[PDB]
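A quick note on method: Cβ atoms are made from the backbone with ideal geometry, for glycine too, and the neighbour counts reach across all protein chains shown. Just so it is clear, none of the values below were taken in a lab; they were calculated from the coordinates.
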Amino acid sequence: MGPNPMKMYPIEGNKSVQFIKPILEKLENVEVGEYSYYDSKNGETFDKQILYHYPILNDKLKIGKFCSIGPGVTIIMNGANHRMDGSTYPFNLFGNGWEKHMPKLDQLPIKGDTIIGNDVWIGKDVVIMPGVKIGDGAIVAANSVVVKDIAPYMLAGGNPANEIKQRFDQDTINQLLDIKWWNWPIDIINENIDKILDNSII
Amino acid sequence: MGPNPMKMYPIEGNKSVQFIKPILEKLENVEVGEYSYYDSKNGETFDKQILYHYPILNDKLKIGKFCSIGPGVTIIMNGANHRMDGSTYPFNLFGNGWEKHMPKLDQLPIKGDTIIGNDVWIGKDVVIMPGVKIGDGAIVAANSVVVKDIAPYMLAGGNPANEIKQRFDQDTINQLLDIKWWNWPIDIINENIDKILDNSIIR
Amino acid sequence: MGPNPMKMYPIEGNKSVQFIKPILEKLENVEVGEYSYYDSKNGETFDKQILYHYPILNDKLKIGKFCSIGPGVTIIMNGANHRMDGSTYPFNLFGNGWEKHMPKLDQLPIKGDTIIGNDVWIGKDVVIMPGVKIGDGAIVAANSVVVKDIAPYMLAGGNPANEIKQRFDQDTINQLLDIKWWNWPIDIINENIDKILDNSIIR
Ligand SMILES: CC(=O)SCCNC(=O)CCNC(=O)[C@H](O)C(C)(C)COP(=O)(O)OP(=O)(O)OC[C@H]1O[C@@H](n2cnc3c(N)ncnc32)[C@H](O)[C@@H]1OP(=O)(O)O
Ligand SMILES: CC(=O)SCCNC(=O)CCNC(=O)[C@H](O)C(C)(C)COP(=O)(O)OP(=O)(O)OC[C@H]1O[C@@H](n2cnc3c(N)ncnc32)[C@H](O)[C@@H]1OP(=O)(O)O
Ligand SMILES: CC(=O)SCCNC(=O)CCNC(=O)[C@H](O)C(C)(C)COP(=O)(O)OP(=O)(O)OC[C@H]1O[C@@H](n2cnc3c(N)ncnc32)[C@H](O)[C@@H]1OP(=O)(O)O
């Protein structure tokens with residue numbers, strides 16, 4: 001069974017639901033997993049939703065397999081930060097002599113790579129701040145502002161967002177992360193969705 | 001006296017203030033009381049602020065009376081929630097094979113109906129999540145994400161929105177919760193506005 | 001040596017970067033320092049980011065110097081508060097003989113001035129709420145909602161905004177606060193930016 005993961009619009013008609021991989025599959029230092037979708041807030045494509053993400057800074061966007069991303073979700077790659085070891089005022093923007101004062105790489109922020117795992121639900125209007133890695137099978141509550149790391153199968157929410165609670169007994173998770181179905185052959189999953197939906201495949 | 005509640009756009013030569021009841025009149029499972037208004041962020045009418053509200057899912061929106069509801073406020077209904085007993089992936093909606101996995105009415109969640117009381121003031125750009133109950137006299141602060149019931153005449157606010165203080169002492173609240181001035185006929189409310197604005201009405 | 005403050009678009013052919021001072025220069029009750037700038041979202045100008053600022057309510061808005069304000073920042077002046085001694089319903093909006101219950105000034109809230117400092121970097125989509133002061137050097141994390149004051153050279157984030165950590169150790173700050181580089185002859189400033197950027201202006 002199934003829909004095609006390489007169609008930008010895998011639902012005849014619906015032009016809001018997008019599998020992100022293909023779209024982002026042009027982008028550098030963006031690696032995406034099949035079947036993970038974005039749902040458009042205004043019809044914009046997800047690519048426009050990555051911001052301050054410049055190849056020359058070498059930070060990476062990893063998004064896993066079978067992820068649900070909702071409208072308004074913006075991911076904030078490193079480019080955003082003002083230098084902060086001194087004045088944070090970007091003298092070099094305005095030229096006329098000041099142009100000589102650009103930050104030499106190293107004195108730029110580096111907060112790391114940004115990792116979204118598999119089977120991750122990110123609510124609507126969510127903001128992932130630079131650096132953070134989000135755990136396999138995690139849920140991020142709507143209008144959240146993720147600045148910390150989110151453990152697998154944790155419920156995180158807030159601004160700043162906090163680990164509200166595990167979604168399962170720590171043993172189910174441990175198993176779940178052990179079995180790692182999102183990786184299974186497509187042929188296999190199509191015959192295990194309900195056991196994957198009902199959390200039985202364990 | 002005053003404007004007629006049934007007027008969608010009550011203020012003269014103006015399209016930004018709205019009585020809601022008339023506007024959400026064509027919206028199943030939504031009860032809305034008289035005189036509550038929306039202030040359009042940009043001319044969107046308030047019906048577009050009711051998000052993820054599906055019939056089948058049998059959850060209801062009840063807004064009360066004399067509420068002020070500021071621009072960008074959004075009311076999310078139970079249609080927003082994925083299935084969380086396992087993978088919150090929606091295989092179904094993609095279909096072409098997966099449609100057989102559509103969730104069953106009772107397999108999904110439903111966190112409740114949404115209830116906003118009377119004379120409650122919701123701030124700019126506030127986000128109301130499913131199943132939250134705000135009591136009469138309450139006030140939610142701008143840019144707040146409400147995921148909890150708010151009790152009568154609480155000031156709440158924040159993300160996640162919490163209760164901060166009580167607008168008034170508790171003789172007043174308990175008294176204000178008694179008399180229920182909003183339930184009065186408007187031609188009786190009229191003669192008591194000024195005293196409803198300084199809470200001495202209770203006497 | 002440098003850009004021209006008197007210019008609202010200091011970079012030829014870019015209408016996005018904006019010097020704030022010349023823009024609000026005629027806005028009432030709005031003081032703005034030189035060089036402080038705004039980065040435009042979808043083409044807006046910063047004046048349009050100061051909300052409910054009613055000359056009649058007598059509240060002001062000070063912005064210090066060499067500030068960076070991020071896209072979508074919003075400064076919410078007292079005009080966006082309801083009356084609260086009693087009902088928040090603005091009976092007085094909808095006329096038709098309800099004008100009489102207009103609030104006399106002193107019945108409204110007056111959170112008072114809003115003060116942003118020198119050398120302050122306000123995040124994208126931050127919400128400054130009426131009556132806040134923000135210290136020199138301070139920094140306000142994105143989609144924050146500031147509701148209390150922030151001390152100089154602090155970091156702050158969230159919703160509510162709260163102080164996270166001191167940007168530098170106290171004594172470093174105390175130096176920075178004394179020497180107040182943002183007041184120097186721009187010709188001096190022009191000769192010590194490197195030192196201004198690596199904090200090594202206190203050695
Ligand atoms: C296709 C679609 O329709 S999806 C489109 C749009 N999708 C969405 O916006 C979905 C948004 N859903 C959410 O973000 C919700 O917050 C959910 C689903 C994650 C909440 O899941 P729930 O597991 O039911 O748990 P829950 O609502 O019980 O609350 C648990 C606690 O977390 C807290 N909490 C809930 N939301 C948040 C939040 N956003 N931030 C911080 N804390 C929160 C509550 O206060 C609650 O308190 P308590 O634990 O003692 O009772
Ligand atoms: C004309 C028009 O259409 S106006 C339309 C738009 N209107 C609006 O957006 C209304 C927004 N108004 C507000 O949010 C106001 O600030 C109000 C209603 C919250 C005022 O609340 P207040 O009753 O004045 O009291 P107050 O401001 O003193 O603050 C008290 C405490 O609440 C806290 N607080 C304020 N806002 C929040 C919030 N959003 N989340 C958490 N805590 C908060 C403060 O930190 C403070 O701390 P403390 O208790 O020790 O001092
Ligand atoms: C070019 C342009 O115009 S883009 C302009 C707009 N750009 C932006 O919006 C930049 C936004 N920058 C931020 O908000 C960043 O989070 C910063 C710079 C404020 C934080 O800097 P950092 O100092 O590196 O601290 P980090 O290590 O990231 O933060 C320190 C702590 O504060 C916490 N924190 C971060 N954000 C928040 C928040 N919003 N609320 C509460 N706590 C927070 C972190 O979790 C961290 O926790 P920890 O104490 O154990 O480490």
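One table, with the values for the structure above:
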| read-out | value |
| --- | --- |
| Region B:116-154 - residue that is within 16 Å of ligand 1 (Cβ to nearest atom) and touching a residue at least 40 places away in the same chain (Cβ under 8 Å) and, of those, surrounded by the most Cβ atoms within 10 Å (Cβ to Cβ) | B:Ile128 |
| Yes/no for C:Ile186 being out of contact with any strand residue (DSSP E or B) (no Cβ under 8 Å at 6 or more places or on another chain) and crowded, with 20+ Cβ neighbours inside 10 Å | no |
| Evaluation of B:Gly158 against (1) more than 13 Å from chain C (Cβ to nearest Cβ); (2) of a type outside the set (A, V, I, L, M, F, W, C); (3) within 16 Å of ligand 3 (Cβ to nearest atom) (one fails), failing number | (1) |
| Qualifying positions in region A:155-202 - touching a strand residue (DSSP E or B) at 6+ places or on another chain (Cβ under 9 Å) and buried (at least 20 other Cβ atoms within 10 Å of the Cβ) | A:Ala156, A:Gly157, A:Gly158, A:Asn159, A:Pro160, A:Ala161, A:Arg167, A:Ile173 |
| Selection within region A:47-74 - among the aliphatic types (A, V, I, L, M) and either outside any strand (DSSP E or B) or within 14 Å of ligand 1 (Cβ to nearest atom) (or both) | A:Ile56, A:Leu57, A:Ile69, A:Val73 |
| Residue that is away from ligand 3 (no atom under 13 Å from the Cβ), in a loop (DSSP other than H, G, I, E, B) and more than 30 Å from C:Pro152 (Cβ to Cβ), where the choices are A:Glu44, A:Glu31 | A:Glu44 |
| Subset of region C:82-107 that is among the polar types (S, T, N, Q) and within 7 Å of another protein chain (Cβ to nearest Cβ) - its residue that is surrounded by the most Cβ atoms within 10 Å (Cβ to Cβ) | C:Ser87 |
| Residues located in region B:116-170, provided they are in a loop (DSSP other than H, G, I, E, B), among the hydrophobic types (A, V, I, L, M, F, W, C), under 20 Å from A:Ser144 (Cβ atoms) and touching a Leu at 6+ places or on another chain (Cβ under 9 Å) | B:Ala141 |
| Residue within region A:109-116 that is within 12 Å of another protein chain (Cβ to nearest Cβ) and polar (S, T, N, Q) present | no |
| Scope region A:120-131; condition more than 16 Å from ligand 1 (Cβ to nearest atom) and in contact (Cβ under 8 Å) with a residue 60 or more places away in the chain; matching residues | A:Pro130 |
| Selected residue [within 30 Å of A:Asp171 (Cα to Cα) and small (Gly, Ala, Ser)] from B:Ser36, B:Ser40, B:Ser87 | B:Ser87 |
| Residue check for B:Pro5: surrounded by 21 or more Cβ atoms within 10 Å (Cβ to Cβ), within 20 Å of B:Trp121 (Cβ to Cβ) and over 17 Å from the mean Cα position of the chain (by Cα) | no |
| Residue count, region B:90-115 (criterion: part of a loop (DSSP other than H, G, I, E, B) and over 29 Å from the mean Cα position of the chain (by Cα)) | 5 |
| Which numbered condition B:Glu25 fails, given (1) under 22 Å from C:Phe91 (Cβ atoms); (2) in contact with a strand residue (DSSP E or B) (Cβ under 9 Å, 6 or more places away or on another chain); (3) exposed (fewer than 13 other Cβ atoms within 10 Å of the Cβ) | (1) |
| Unmet criterion (only one of (1) within 13 Å of chain C (Cβ to nearest Cβ); (2) closer than 30 Å to B:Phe91 by Cα; (3) not basic (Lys, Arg)) for B:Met129 | (1) |
| Inter-residue pairs, beta-carbon under 6 Å, first within 8 Å of chain A (Cβ to nearest Cβ) and in region C:175-203, second part of a loop (DSSP other than H, G, I, E, B) and among the small types (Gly, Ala, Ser), 6+ apart | C:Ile196/A:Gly86; C:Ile196/A:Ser87; C:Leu197/A:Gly86; C:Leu197/A:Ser87; C:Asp198/A:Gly86; C:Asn199/A:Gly86 |
| Residue in region A:154-173 that is within 20 Å of the chain's Cα centre (by Cα), more than 10 Å from chain B (Cβ to nearest Cβ), in contact (Cβ under 8 Å) with a residue 40 or more places away in the chain and under 23 Å from A:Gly33 (Cα atoms) present | no |
| Candidate set: region B:155-203, residues that are in contact with a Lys or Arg (Cβ under 9 Å, 6 or more places away or on another chain) and within 15 Å of ligand 1 (Cβ to nearest atom); chosen: the one nearest to A:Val140 (Cα to Cα) | B:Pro160 |
| Count - residues of region A:11-25 that are without any contact (Cβ under 8 Å) to a residue 12 or more places away in the chain and not β-branched (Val, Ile, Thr) | 4 |
| Members of region A:3-23 that are closer than 22 Å to A:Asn192 by Cβ and either crowded, with 16+ Cβ neighbours inside 10 Å or hydroxyl-bearing (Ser, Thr, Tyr) (or both) | A:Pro3, A:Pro5, A:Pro10, A:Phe19, A:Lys21 |
| Contacts under 7 angstrom Cβ, first residue in region A:90-119 being within 16 Å of ligand 3 (Cβ to nearest atom), partner among the hydroxyl-bearing types (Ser, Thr, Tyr), 6 or more apart | A:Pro90/C:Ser68 |
| Criterion violated by B:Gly112 - all others in (1) free of Cβ contacts under 8 Å to residues at least 24 places away in the same chain; (2) in contact with a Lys or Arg (Cβ under 9 Å, 6 or more places away or on another chain); (3) surrounded by fewer than 17 Cβ atoms within 10 Å (Cβ to Cβ) satisfied | (1) |
| Residues of region C:161-174 that turn out to be of a type in the set (D, E, K, R) and either near ligand 2 (Cβ under 10 Å from one of its atoms) or within 9 Å of chain A (Cβ to nearest Cβ) (or both), as a count | 1 |
